Each structure stands twice: as C-alpha cells, then as structure tokens.
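Below is one structure; the comments refer to it alone.
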Amino acid sequence: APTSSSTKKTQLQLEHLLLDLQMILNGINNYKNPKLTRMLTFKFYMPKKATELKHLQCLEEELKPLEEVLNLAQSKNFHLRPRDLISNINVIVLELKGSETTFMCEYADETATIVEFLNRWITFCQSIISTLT
Amino acid sequence: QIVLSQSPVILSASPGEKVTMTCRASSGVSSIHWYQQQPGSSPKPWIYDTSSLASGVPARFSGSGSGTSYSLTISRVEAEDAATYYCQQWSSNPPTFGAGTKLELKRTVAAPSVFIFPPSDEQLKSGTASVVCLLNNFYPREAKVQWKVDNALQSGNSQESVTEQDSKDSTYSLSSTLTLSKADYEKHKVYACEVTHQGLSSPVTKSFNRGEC
Amino acid sequence: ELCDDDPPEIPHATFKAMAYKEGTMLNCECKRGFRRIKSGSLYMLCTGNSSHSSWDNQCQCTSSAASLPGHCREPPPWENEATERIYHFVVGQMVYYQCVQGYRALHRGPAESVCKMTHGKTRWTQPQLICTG
Amino acid sequence: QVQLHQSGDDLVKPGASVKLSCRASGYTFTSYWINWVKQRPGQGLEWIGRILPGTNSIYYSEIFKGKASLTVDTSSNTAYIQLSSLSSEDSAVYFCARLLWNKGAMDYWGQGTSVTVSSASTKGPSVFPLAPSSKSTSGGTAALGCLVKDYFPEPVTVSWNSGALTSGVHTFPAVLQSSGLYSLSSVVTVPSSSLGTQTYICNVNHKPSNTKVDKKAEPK
Amino acid sequence: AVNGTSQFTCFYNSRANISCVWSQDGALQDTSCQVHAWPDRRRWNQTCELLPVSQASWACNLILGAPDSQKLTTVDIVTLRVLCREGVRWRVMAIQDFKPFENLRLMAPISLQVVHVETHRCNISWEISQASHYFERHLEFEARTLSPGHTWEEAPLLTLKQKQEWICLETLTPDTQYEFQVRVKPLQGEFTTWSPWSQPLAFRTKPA
Amino acid sequence: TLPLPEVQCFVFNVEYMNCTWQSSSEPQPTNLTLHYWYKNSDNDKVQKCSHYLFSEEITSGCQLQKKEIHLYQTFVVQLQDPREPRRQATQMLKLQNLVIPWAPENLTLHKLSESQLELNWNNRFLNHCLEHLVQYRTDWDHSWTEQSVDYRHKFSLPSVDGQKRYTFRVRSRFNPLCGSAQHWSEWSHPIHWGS
Ligand SMILES: *[C@@H]1O[C@H](CO)[C@@H](O[C@@H]2O[C@H](CO)[C@@H](O[C@@H]3O[C@H](CO)[C@@H](O)[C@H](O)[C@@H]3O)[C@H](O)[C@H]2NC(C)=O)[C@H](O)[C@H]1NC(C)=O
Ligand SMILES: *[C@@H]1O[C@H](CO[C@@H]2O[C@@H](C)[C@@H](O)[C@@H](O)[C@@H]2O)[C@@H](O[C@@H]2O[C@H](CO)[C@@H](O)[C@H](O)[C@H]2NC(C)=O)[C@H](O)[C@H]1NC(C)=O
Ligand SMILES: *[C@@H]1O[C@H](CO[C@@H]2O[C@@H](C)[C@@H](O)[C@@H](O)[C@@H]2O)[C@@H](O[C@@H]2O[C@H](CO)[C@@H](O)[C@H](O)[C@H]2NC(C)=O)[C@H](O)[C@H]1NC(C)=O
Ligand SMILES: *[C@@H]1O[C@H](CO)[C@@H](O[C@@H]2O[C@H](CO)[C@@H](O)[C@H](O)[C@H]2NC(C)=O)[C@H](O)[C@H]1NC(C)=O
Ligand SMILES: *[C@@H]1O[C@H](CO)[C@@H](O[C@@H]2O[C@H](CO)[C@@H](O)[C@H](O)[C@H]2NC(C)=O)[C@H](O)[C@H]1NC(C)=O
Ligand SMILES: *[C@@H]1O[C@H](CO)[C@@H](O)[C@H](O)[C@H]1NC(C)=O
C-alpha cells in the first residue's frame, strides 16, 4: 500500500538535495571550464561508510571546502552562485540528518577530487531514494 | 635599488610622425608606469602596468614591453605632446623614476638672426658692465656661441639662457651674457660674438667697437 | 589571471618569490599522518584593499589517526605543515632561482622568471641559469 | 573628484627647517597612503617616503633616512613633511601624491611646492636699457630690450607698452650670479622705421619688493 | 476597527518573490501597514509596505533577491505578519506560517511565439519565467484558444500533464484569427495554484 | 601477454547481471576465469562465478542471480588467464549506472475529451525510479516526435486530428533519481489509434 506523507517529505528533500549536487557536478565537470584542472588538485575527505541518513554529517562537514572550490570557477558565462547554492544544500542536509542524532563521522584514509566526492554523495542520495520508494 | 634609464634624452619628432621611447631596467621588473609632466605642472598618470592606458588620456598613446626593456609609443605626434615622460617601477623598494625624456616638435632648418648690445650709460656704475648677444627664432636647439675680445679667447666669465618652443612659432631664442669689470672693459676695444649653427652655412660674427661709430 | 603552469623547475635548481602578487593561493596541506581540519579551508587567498594586502583563510591540521604595494608576504608556517608549499601564481609574478645546496652557478646573468600573458596562454620565461657541482 | 593642495612657495635660510603641507579632499583620508616626491630642476623625480594617516606606518628611502620626517593631522586630513639640515642641494619642487595600491603607482598628485635656500636677501631690480643701434640692424628690423640685474627672489614679470604689445616679446629664464642674486633679459624685434616715432617701454614689475620701473628704450 | 471578515494570502513564485494581499472590511482610512518576513533557517528578514489596490484591500511584494535566484528551499518556514502602524507602536493584525513550496504560484509563461503555422495547424512554443530548478520535469500546463463567435470562457481547456513547452493546435480553420494563452502549475504543494494566463498571443492561419 | 578483454556488465531490471567478455579475439582457446568482489564495504572478500556462460565451448560470460548484486557498492571484477595467472586485470564499475529496465507493457489510450487523448503504461518493478521517452507519430509525418516524461508515466496529447492515424511507443531508463544509467530499455509494442 502507498506510504504516508511521512517519508514522502523525506524523498522530496532527498530529491532536492540530489538535484542541487548534480547541478554543481554538471557545472564544474563541463568541458568549457578552463579551471577544472586546477580544481582537481584539492583534496576531499570521503566518508568511511555512507548507507544511512546519519552519514550526512560528513557532507555537512565537507560543505565549506565545496564553496571554496566553487569560488574558483566564478567566471563570465557561469551560472552557479556558490553562496546561495551552498546555503540551500546546508539547510536541506541539516533537515535530512535530523537534530535528534549524535553521530560522529568517520573518514576514509584516501582523499579524492571534487568530482569523486560529488559522485559519492550523489550515489548515496540515489541509494536512499531507491530504498525509500 | 633598480636603476631605470630612458633614451633618447631629447627626442625631436615632426607632427604626425610615429615615434617610440624606451625605459630600460637594470634588473627585471614586472611592469612599468609612465607619467607626463608639462612645464610648470605636476606629473599626470599616463600608462599603468605598461598597458592600461590611464583614464582620460588620449588614445594615441600605447605602451608595451617585458623583462628589462619597455617602451612608450605614439602613433602620431600632436601639439599637446610637448612634455617630458618619466618611467617608474615599484617591483621593489624603494620605487624609482627614470631621468626623463623630453618631447620636441620639428621644423625646417632656420638660421638664427644675430644681434649684439653694448652696455648702456646707466649700466656703467660700481665698476661693472656687461654685453649681451641675442639669437632669435632658430631651429634646431643645438646652437653654439663663443666670445672673443680683441681676438682673444674668452671663457669662465659668461652664461646663457634658452627659451622654450613656442606653441605656434616652434623655435628657440638664446641670450648669452658676458660679465667684466669696468677697468678691463675700458682697456679693450673690440668685442665679437661668433655663432655656429646647423642652419648657418658658415660662421657668423657680430662685433662692435667701443667709442666708435 | 592565474598562470596555467608552474615555473620551469630547472634541474638542480629551486625557486622562491620575494613577495606574492594579489590573487595567489596557498594550498593548506599537512604532513603524512595528518589531515586538513574538518570544516577547514582548502587554501589561503591573498586579497587586498585600497591600502593593505593579507591572506584570507588560515589553515589548520589535526591527527589523521616592510610591505610592497599590491603584494602579500610569506604566510607564517602553521603547525604540522607539509614539507613543501603549493602556490597558484598570477600574471606579473616574478620568481627567482637558486642552485640547491652543494652546487654553484656557472653564469653572471639574472636568475629570474616572470609569468607573461600573450595570445590567451601564460607561461614563464626560461631562466638563464645552469647549476654544476 | 579627488584633490590635493599644498602650501605655497617657501624661501628659508640654509641650516634651518621647514614644514610643507598637502591637504586632501574628495576621498577618505585614512584609507590611502601619501607619497612624497622630489624634483630638482632638470634632474627627474625622486621618491621620499610613505605614510598611512590611520595606522601610523612610515617607510623611508635609504637616501632620506633622517633628512625628512612624515607626520599627519587626521583632524583636518592634512599631510606634513618636515625637512631639516637644509643645504644648497635641497632646493626643488616637492609633490604629495596618493598611492594606487593594487598597481603600485601614483594616481593623484599635488600642484608642487617649490623650496629654495640661499644666503641672499630681498633686493630691488636694477634696470638698464638694451637700446638699439646700427650694429643691431639687419634688413628692415632691429632689436631692443630691457635688462634686469641684481634682483632677488623670483619671479619677475615684464610686459611691453603696459601689455599692449604681445607679438614676440621673448622673456628669458633667469640665471644666478656668484653672489646669489638673479638676472633676466627680454627683447623685441620691430621695424627700424617704426623706431622714429613709436615709443617702447618694458615696465618691469617686482612683486616681493613691490617696485615698478617703466624704462624707455630709444635709439641713440 | 471592526472585526469583520479578514484574509491574508501569500504565494511564492519559487525563486525570489512572495506576493501578499491583505484585506479587511473594517480597516480605517489612510492606514499605513507593512508585511514582515521572518525566516527561521535564514539570517535575513524582509518587509514591504501595503499599498492600496482596492477599496478595502492591499498588496505588496517581498523581493528577497535577484529575480532568477533560489532564496528558499522545501525545508524553510517564513513567518509572514501584518503590522499596521498606530502612532509609534507596530500592531500585529494578521499572522501565518508560510511554507514557500506549499504555496507556489509561478509567473505566467513568457516568450510565446508561433513555431509554425499551416492551413489547419499551429505549433506554438513558450518559456517559463523564474521557475525553480527543483521542479525539474514536475510541471503541468493548461492552454486555451479563442475562436470567432466565442468568448474566452467556454473555450475548452487543453491539458498537458507533462513539462511540454509547446503545443501543436489542430483542426483549426483557414484564414482565421486566434489568440492563445497558457498557464503553468507545479505538481508539488498543497495550496499551489495556477499562474495567471499569459498575455494572449494573436496568430493567424494560412489561406487555403 | 596481450591485453585482456574488457568486461561489460548489465543489470537487467535489478533481477540478475550478465557479464560478457570477448574471448573470441584471442588466438587460441582459453578457459578465462572471472572473479568479483565489492570493495570498501562489508564482506570485502573474493568470489568466483558459479553460473558460467559459454560460446563455442569456451568461457564467455557469467551470471549473478540478484543475490550477489549490490547496486550502490563498488563492483570490482577481475579477469585472469588460467595459463599464465600473472596476466590479470581489474575494473571498477558502478552498477547503479548499468541498470536496463524491461520495456513498458500494455499501453492504453483513453479520451479525456473529444479531441484529447491520454497514454498510460506500466513498468514491472521500478515505478519511482524510471524516466521515460514517449515517441509518437502519424502516417503523414516523416519522423517521430519525442517528449521526455516524468515518473508520472502519463502523457497528454491534446488536439488529435480524428482524420489521421497515430502511433505511440515508450521506453524507460533508470535515471536520474535511483541511478545514472545512460542506456534505454527496448521500445514497447506500438499502439495505434484513429483511422
Ligand atoms: C513544435 O515545435 C517545438 C519547438 O520547441 C518542437 O520541439 C522541439 O523539438 C526539437 C526536435 O525536433 C528538439 O530539439 C532537440 O533538443 C535537444 C538539444 O537541444 C536534443 O534532444 C536534440 O538534439 C534536439 O536538438 C527541441 O528541444 C524541442 N523543443 C522543445 C521546447 O521541447 C516540437 O517537436 C514541434 N512539434 C511538432 C509536432 O512539429
Ligand atoms: C528579524 O526580525 C526579528 C523580529 O523583528 C521584530 O519583530 C517583528 C514582528 C517586527 O516588529 C520587527 O520590526 C521587530 O524588530 C528580529 O528579532 C529581534 O532580534 C533582536 C536582535 O537582533 C532582538 O534583541 C529582539 O528581541 C528580537 N525580536 C524578537 C521579537 O524576538 C531579528 O533580529 C530580525 N533579523 C534580522 C537579520 O534583521
Ligand atoms: C513580484 O510578484 C508580483 C506578483 O505577481 C503575481 O504573483 C506571481 C507569483 C506570479 O503568479 C505573477 O504572474 C502574478 O501576477 C509580480 O507581478 C506584479 O504584481 C503586482 C502586485 O504586487 C500586480 O499589480 C502586477 O500586475 C503584477 N505584474 C505582472 C506583470 O504580472 C511582480 O512583478 C514581481 N516583482 C518582481 C520584482 O519580480
Ligand atoms: C543473460 O544471459 C543468459 C545466458 O544464459 C540468458 O539466459 C537465457 O535464458 C533463457 C531462459 O530464461 C534460455 O532459454 C536462453 O537460451 C538463455 N539465453 C542465452 C543466450 O543463453 C539471458 O537471457 C541473458 N539476459 C539478457 C537480458 O540478455
Ligand atoms: C575448459 O574448456 C574445456 C574445452 O576447452 C571444457 O571442456 C568441456 O566441458 C564440457 C562442459 O562444459 C564437457 O561437456 C566437455 O566434454 C568438455 N570437453 C573436454 C574435451 O573435456 C571445460 O568445461 C572448461 N572448463 C571450465 C571450468 O569451464
Ligand atoms: C500489464 O503489464 C503489467 C506489467 O507492466 C502486468 O503486471 C499486468 O498484468 C499487465 N496487465 C494485463 C491485463 O495483461
């Protein structure tokens, strides 16, 4: 039977977060971005394991480096507005995470480029959405 | 500290001519600034960062360079350009300026018109007298004047002054003065002022005789 | 603005800058066994106003288990900093070379390099330096 | 629009000290640096030092260390430079300027403040007539003028026929004698025939002494 | 004032513009008021002054930023309150907990133009103004065409239950003058409503 | 010593995975062996194919029975030569980008109005996770008309000409909410309407 509006709110929030992250990814990864090679030189700390809504703490911690890297891409004929984008992502993530938790994020030993970090979190969003459906 | 050297020291260009000027740094610098100072006025920003034509500046000026060689160029000279240009650097402390390179307008070679004036009656006081030689409306600047008394070489007792380029005439005028004591002046009887100039085919001498018509 | 390449890194020769033009970025990187602090900054940025230039985003690390107009100076070392520094220079930067310890310079000219801008591509002039032991 | 205005021309004895000012307007005073520059007659510019009104930061050139000091009065947004142990080589034009920080240039300058040092004192100008003569006659034109001597300090203004005559009337920059006084000369070219009737006067004027001499030039 | 019927309705264009209308039949004449926005997840406020639009109604716009910018998300709650000046004190007349993405109302579709016209057909395209990127394909449209002898009412409503920004009108008549409007609506939201009809696009068919 | 063939994996409706590698390219017969494991996740231990697939009486493929498939964990598959074990390769694949649904089934057209249609279709197991591409046409037209569709799996076609004939077909994709697959399912059975 169809589920309640509860967890449908959650699926909608996850969809908005996924669209946000995918917008960032399609922005940076564009072949018209001359600064991509320089973006790929910074290091991002992936989550040890991410299969639960608790594990968005790692993305929340890594948000600020995200905005800093976005600031580099700022150029003519670029649509992204890093401040508003990151504030929206922050509020959505803090809502999905839940203030009732007290989880501590663990990180993998290896760092990763911005592209792999964004893809990891996109995959996390997709996995949660698929389970919810 | 970096030393900037600009050449040529004095540059003469006919109106409508394309000319170039150079400022050379002893050690490499990142960029050079340029200033223009008209006579009796403060310097005015002309070119920032060797390429950024300063706001309010005519678009006839352009600059370019790199390393230890830079240059300020004019597509076509104009009347307003008669001034001196200074190059500046601040790639290290303290900032330094060049020695300056003046800008002058050309004209067809014209010879000076020579004159000479003996001392006046009222000037013969306190045992002091002087004689002045005049050159009027001559181009180019490079003119030479020498003094001879009774066919005797004179030196160390004379001065000179030269005006500027007229806004329309575009020439110069030089006044030379010789200072002597009254006793020495009365002793001698022959005074001459020989002028050599590019516009003069042969040396020209103007002389007067004291106490004689 | 930024130079799309590093200095030519002449063999047996290192390089350093006396002052950093506004717009230089210093990556915040740490030793082995240490990581950039979570929620920390990815790089320090040299910014300036009508009368000053400073660095923007102080770096940090934690256990993984006279002035010149228009230029910043060397940022002070931070605790557990990496052994080397990565800089992102800008056009008009001047970098001086010097032979590594134990070598000597077989020349009398200036060991200097500058990041030029021409035809949409920026690269550094080849230093006229040779190091021999 | 930004504007910097400095004091007038100052004349002081050797060995003394003097203060030159440069009042700012049109912009925030403490947000920019003020540079001082020196220009000896026909010798090029020469940077002196830096000062930030709002932070009490001062930098100097190795040449001027101790020979000049920069102070500021933020109440009236005016900048000061004090010169001490003045000597004969310190006579020049001093400019205040504003530092364009990102470019390392100067974007606004003052009108300049001339300063001169000499042992001479104020004196009146002696005037003699550079009367024309047959020797100074070439073709249909002759030369006549007025000679100014033993005057101090600058400047001197000379206009012919009380300013009526404006064609030619070349006036030469002054020169310095051994005693420190000044000299000057002016000349005019007019037809020899006109000399018979027309009367020429140079009407020299000396502002610092407030003297006028309307010397007449006539042939002998 | 008298405690008559009172309403305070606001809508959000999904990007940067919350348009409110406050109406009270008991309001006194020449009363000054404003509407104050107080988001809880954001660090800014906003306010506009209630200008008159009718005898007993007002309306203003809370512009939150650039027209095409995302200033709110599906997790925000903005408290909109009416404050009518009374001397020096501010009096709270109305209040509502405005959830932006429950009360959407987009701008009417713009840039209507005929992509093609034939003796019996017309492909007409349009664009959507200041539509949030969160919607993605979750939009629906409604168009209507005016034929001679009829008014805008009684024109059948054409439904596009998909994000299709064109429509190939069919079975039109040769040498006839038509006018075409369209409106848009997100699928998200409880109190979401249709946008106002776009400015009619007048087009004519080809002669036979 | 030649490079080993690349392995192409396809999850078919999240019901089983077919991995196939081109063994025919080799000069001689070889019983190529395939290992697989999931890295950076629970049970990071090697596994071997239990249901091999053969072509020309040599190993050519493998099949996983939906018990071993974890879409959102990295799938490392390694190919090795039985003759010289040193000739082995590695590959990392994101399985959620390799899902290919089944074609939509039993399309049906019902009239909302005299001149309005609506197209409905069903998907077997992936309702919210599928985007669709409707592609309709009429006999007078020389090409198909495409229209991307949401997860509503409905399609409104107002202003249908009763004189003409219409044709519709739909295919789905596991994109973008539940995966990032770039492969479309097969086209459904065409459905006709009108004259
Ligand atoms: C009525 O006119 C509209 C004009 O918008 C037609 O829709 C347009 O159809 C074309 C293909 O015919 C679409 O182009 C495609 O776009 C992307 C790249 O931008 C990509 O899928 C393809 O490479 C191709 O270029 C176009 O997007 C689409 N426009 C819109 C707004 O949806 C429509 O087909 C016409 N209908 C009839 C019945 O003629
Ligand atoms: C956003 O607004 C709130 C509330 O504003 C007050 O109440 C409104 C109904 C209206 O009458 C406003 O004009 C009022 O000012 C602000 O909350 C206040 O915050 C300050 C400190 O910043 C404080 O000391 C007050 O007590 C707060 N008021 C209440 C009722 O708690 C808030 O600061 C505003 N935020 C911004 C960023 O402007
Ligand atoms: C901000 O909003 C108003 C309100 O517009 C209405 O509501 C929107 C959500 C959308 O559905 C519009 O199409 C609606 O018309 C914008 O439009 C004006 O609003 C005023 C009342 O505030 C009304 O009198 C005007 O007629 C409206 N103008 C138009 C062309 O429709 C208004 O333009 C928006 N402001 C900005 C800066 O974008
Ligand atoms: C995956 O490959 C297997 C290989 O066996 C295919 O299995 C088919 O299974 C049916 C019964 O369901 C048999 O009758 C067929 O002979 C098998 N086909 C082949 C080629 O062996 C399976 O269909 C493949 N799946 C896809 C989607 O291609
Ligand atoms: C190795 O390859 C050989 C053929 O090269 C396979 O041997 C045949 O296997 C089938 C069953 O798969 C038997 O019916 C045949 O009789 C075998 N032929 C011979 C000549 O023995 C063998 O199965 C392959 N091994 C594996 C593990 O797949
Ligand atoms: C229609 O197809 C669905 C799967 O998409 C299937 O479950 C259903 O039984 C089919 N209906 C009929 C009537 O065949």
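Using the numbering of Swiss-Prot, the residues shown for chain F are 54-248, in order.
Recorded method for this deposit: electron microscopy, 3.0 Å.
Just so it is clear, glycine is given a Cβ too, placed from its N, Cα and C backbone atoms.
Cβ neighbours of F:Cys62 (disulfide bond) (same chain, under 8 Å, six or more residues apart in sequence): F:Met70, F:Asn71, F:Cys72, F:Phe128, F:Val130, F:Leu146, F:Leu148, F:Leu151. The disulfide bond annotation in Swiss-Prot covers F:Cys62-F:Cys72 (among others).
Swiss-Prot lists F:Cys102-F:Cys115 (among others) with the feature disulfide bond. Sequence-distant neighbours of F:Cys102 (disulfide bond) (same chain, 6+ residues apart, CB-CB distance under 8 A): F:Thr86, F:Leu87, F:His88, F:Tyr89, F:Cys115, F:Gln116.
Under the three-state DSSP scheme, F:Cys231 (disulfide bond) falls in the coil class. Annotation for F:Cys231 (disulfide bond): same-chain Cβ neighbours under 8 Å, separated by at least 6 residues, are F:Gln149, F:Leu179, F:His181, F:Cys182. The feature disulfide bond is assigned by Swiss-Prot to F:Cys182-F:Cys231 (among others).
The feature N-linked glycosylation site is assigned by Swiss-Prot to F:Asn71 (among others), with experimental evidence given as support.
Positions annotated as N-linked glycosylation site by Swiss-Prot: F:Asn84 (among others). Taking a C-beta cut-off of under 8 Å and a sequence gap of six or more, F:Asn84 (N-linked glycosylation site) has these contacts in its own chain: F:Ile111, F:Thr112, F:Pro135. In the three-state DSSP scheme, F:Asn84 (N-linked glycosylation site) falls into the coil class.
The N-linked glycosylation site annotation in Swiss-Prot covers F:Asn159 (among others). Within the same chain, residues at least 6 positions away in sequence whose Cβ sits under 8 Å from that of F:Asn159 (N-linked glycosylation site) are F:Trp174, F:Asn175. Secondary structure at F:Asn159 (N-linked glycosylation site), as computed by DSSP, is strand.
Look at Swiss-Prot and you will find F:237-241 tagged as motif 'WSXWS motif'. Sequence-distant neighbours of the motif 'WSXWS motif' (F:237-241) (same chain, 6+ residues past either end, Cβ-Cβ under 8 Å): 153-158, 160, 174, 186, 188, 222-226.
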(message) Is it possible to get the count of other C-beta atoms within 10 angstroms of the C-beta of F:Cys182 (disulfide bond)?
(response) 25
(message) Under DSSP, is F:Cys102 (disulfide bond) part of a helix or a strand, or is it coil?
(response) coil
(request) According to DSSP, folded down to helix, strand and coil, what is F:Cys182 (disulfide bond)? (result) coil
(message) Run a quick check on F:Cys62, F:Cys72, F:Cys102, F:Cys182, F:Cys231: which of these disulfide-bonded residues have any Cβ-Cβ distance to chain A under 8 Å?
(response) F:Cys182, F:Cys231
(message) When secondary structure is assigned with DSSP, how many helix, strand and coil residues does the motif 'WSXWS motif' (F:237-241) contain?
(response) 0 helix, 0 strand, 5 coil
(request) Take the Cβ of F:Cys72 (disulfide bond) and count every other Cβ within 10 Å, whichever protein chain it belongs to. (result) 21
(message) Among F:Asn71, F:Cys115, the recorded positions in question, whose Cβ has the most other Cβ atoms within 10 Å in this structure?
(response) F:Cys115
(message) Checking proximity to ligand 6 here: which disulfide-bonded residues out of F:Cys62, F:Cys102, F:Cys115 have their Cβ closer than 6 Å to it?
(response) none
